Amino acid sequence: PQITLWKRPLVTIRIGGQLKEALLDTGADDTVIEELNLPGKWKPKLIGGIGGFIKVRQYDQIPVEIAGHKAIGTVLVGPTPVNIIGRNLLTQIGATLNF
């Protein structure tokens, strides 16, 4: 689809069998989801944002369906204020910015 930016670009995703809402974030390297369980193993990681750094769980090779488009890649889980889909998955679904 084509998404304008007057509102936050929030979409529904499928992850782990569950539906969630997430923000399409071109300013994020990685995909960061609110605290939850995901199948499989993980390892601790730290990531940073506007306010500093947080601890997350790094899960690899997780399938995520993003507005109907499939991706399989790293998902970080931790105390983010909002679920964000970052460039590691945006690239998989063919997303570009256009102006």
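The first residue of the shown sequence is 1; numbering continues from there.
The mean Cα B-factor in the deposited entry runs higher for 62-70 than for the other of 24-32 and 62-70. The mean C-alpha temperature factor is higher for 39-47 when 39-47 and 53-61 are set side by side.
In the deposited entry, the Cα temperature factor of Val82 places it in the highest third of its chain's modelled residues.
Annotation for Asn98: CA B-factor lies in the lowest third of the chain's modelled residues.
In the deposited entry, the Cα temperature factor of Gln2 places it in the highest third of its chain's modelled residues.
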